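Novice: the sequence isn't on hand, but the structure is:
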Ligand SMILES: CC(=O)N[C@@H]1[C@@H](O)[C@H](O)[C@@H](COP(=O)(O)O)O[C@@H]1O
Ligand SMILES: [Mg+2]
């Protein structure tokens, strides 16, 4: 590598230790913010290595703990196309975080064949967290020691940062993603939303809970750029970004999804169309209060079916339904009714994949148009190289033209790099405008099987080894046989159990034709899992 550089890395590394042991995973490095200096430093070094390995391409760093409380923070790497860090590279981060101050960077330059000829290039941003300023200061020191070029994008949503990274590495290519600034992002979405909305009108207000996080001021700033006669009026609530303690506190998409209620502080009336973003605004879900005051959730799987229905219809009327392979990508947690709706009502393939955004993104990129959402409200619609060409180059034999126009627009509206709450929100709004649907008519599209999720503490969960999109247990022996036996005893009975990646428990999900059936099925399986976890 270099000797004078290797002395600057060792010297600047001055920070803690702090003796806990780390692992970069699904969520990158994510912990209490006080444990994090040596780790963010290491990611500075790892961003440098990654940039150089990929011929001095821009690598992103996002500083965020997402839905976690204020005391928490995290750090994530973004690869050139705006994808999360390639899986094989997570271990490199791990080695660098644990490995003691004083150098070891050098050992990886040899191991990963990395060219010194290019300077590393790295963009970063952060959410509203209290530790962000100091953590960025750390990141800067690591990128000064390795003589990397870097740009501080300051405060951004997670999807904005991914946007920038994609833009920077696609400028001058055939598939230019846009202007690599915050301004660029808003401009792209506003112009796409004007096109997608041509001749159609939003009805009623949308009350968006912004989790008191970065998504609130960024949404408000996007609203300045949006066009005029769309009918869209957004009411922003929970934007107390000023107070670090307010982040994700009894509001946000994660609260609303996991607790199955509107935020306590919500002032929405009966029939007000509502949504919640998470803290870093890459998760959204809709909800409304019944004509009879019952809370009604329209989660990621519900956005997935809404999107697929709309995209299905457009591809048809655009005359390209046959040329392009369209699909919905789901996990096992997707309500069986959602799957049934996709396959029997929309006549589209559903692919079930492992839990984890990587796996859903990967499966979606196998369709020309791949809709993938998790229930928690993370997801997007993937457009393939092939999809983009045939939308841009099919000649309309009918005024079809309108539909192609609408579809081209959608490719610009829908964030391709990462699932994006603000993007998804405008998507939903555009769909319900085009379809002329209320929240009530969206909900009425099919009925969810009553379902139950349970968290089952065992010691230890590593004996729970699954396959077939995590819908079957190979280990421990006999448990799947019991689970299969149990589910049969109930009408439309479906249940599966898997180790959590993020928590120390196995999760049981169950659904059946009725509330008491689902509940009892879930409990029997939970009991069976506890016995098997002894
Ligand atoms: C960025 C990413 O890949 N996130 C995944 C998410 O896709 C998955 O739904 C969740 C499942 O959690 P679990 O293993 O505890 O059920 O874990 C992670 O947060
Ligand atoms: Mg998030």
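Specialist: Thanks, I have the structure now. Numbering: from 1, shown residues only. Ligands and ions are numbered 1, 2, ... in the order given.
Novice: so what's residue 30 up against?
Specialist: 65-66, 68, 72-75 (CB atoms under 8 Å, 6 or more residues apart in numbering). Using the backbone N, CA and C atoms, a C-beta is placed for each residue, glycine as well.
Novice: now the residue of the chain found nearest ligand 2. Nearest residue, chain neighbours left out?
Specialist: The chain approaches ligand 2 most closely through residue 66 (3.5 Å), counting by CB to the ion. Distances taken as CB to CB, 6 or more residues apart in numbering place residue 280 nearest to residue 66, at 5.0 Å, with adjacent residues excluded.
Novice: residue 77 now?
Specialist: residue 85 (4.0 Å).
Novice: cool, and residue 303?
Specialist: Take residue 303 and drop its neighbours on the chain: the residue closest to it by CB to CB, 6+ apart is residue 373, 5.4 Å away.
Novice: neighbours of that neighbour, how many?
Specialist: Applying other CB atoms under 10 Å, we find 33 residues neighbouring residue 373.
Novice: show me the two of the contacts of residue 30 that sit farthest apart.
Specialist: 68 and 75 (12.7 Å; CB to CB).
Novice: tell me which of the two has more neighbours.
Specialist: More neighbours surround residue 75 than the other of residue 68 and residue 75, with 31 against 22 (other CB under 10 Å).
Novice: circling back: next, the residue nearest to residue 303: phi, psi?
Specialist: Main-chain torsions, residue 373, degrees, to the nearest 10: phi -140, psi 140.
Novice: once you drop chain neighbours, what's closest to the residue in the stretch 151-300 of the chain that ligand 1 sits nearest to?
Specialist: Proximity of the stretch 151-300 of the chain to ligand 1 (CB to the nearest ligand atom) peaks at residue 282, 8.6 Å away. Closest residue to residue 282 apart from its sequence neighbours, by CB to CB, 6+ apart: residue 158 at 4.5 Å.
Novice: ok, that neighbour - contacts?
Specialist: Going by CB under 8 Å, 6+ apart, residue 158 touches 62, 64, 66, 76, 127, 280-282, 418.
Novice: outline the domain layout of this structure.
Specialist: 1-175, 177-448, 450-534 (curated CATH domains).
Novice: so what secondary structure elements neighbour the helix or strand where residue 388 lies?
Specialist: Here residue 388 sits within helix 385-393, counting by DSSP states H and E. Under the contact definition 3 or more CB pairs under 8 Å, 6 or more residues apart in numbering; DSSP states H and E, helix 385-393 sits against helix 401-413.
Novice: what is the burial count for the closest residue to residue 233 other than its chain neighbours?
Specialist: Closest residue to residue 233 apart from its sequence neighbours, by CB to CB, 6+ apart: residue 205 at 5.1 Å. The local packing of residue 205 (other CB under 10 Å) involves 15 other residues.
Novice: look up how far residue 269 lies from residue 205.
Specialist: According to CB to CB, to the nearest Å, residue 205 and residue 269 sit 10 Å apart.
Novice: next one: residue 123
Specialist: For residue 123, the distance to residue 269 - CB to CB - is 42 Å.
Novice: looking at those two, which is more packed in?
Specialist: Neighbours per residue (other CB under 10 Å) separate residue 123 from residue 269, with residue 123 holding more: 23 against 10.
Novice: A strand includes the more buried one, no?
Specialist: Yes. Assessed with DSSP: H, G, I helix; E, B strand; the rest coil, residue 123 lies in a strand.
Novice: contacts only, for the nearest residue to it once chain neighbours are set aside.
Specialist: Of all residues not flanking residue 123 in the chain, residue 151 sits nearest, at 4.8 Å (CB to CB, 6+ apart). Applying CB under 8 Å, 6+ apart, one finds that residue 151 lies in contact with 122-124.
Novice: so the closest residue to residue 25 other than its chain neighbours: helix, strand or coil?
Specialist: Closest residue to residue 25 apart from its sequence neighbours, by CB to CB, 6+ apart: residue 90 at 6.5 Å. Secondary structure assignment for residue 90 (three-state DSSP): helix.
Novice: I figured residue 90 hits residue 24, correct?
Specialist: Yes. Taking contacts as CB atoms under 8 Å, residue 90 lies within contact range of residue 24: 4.6 Å.
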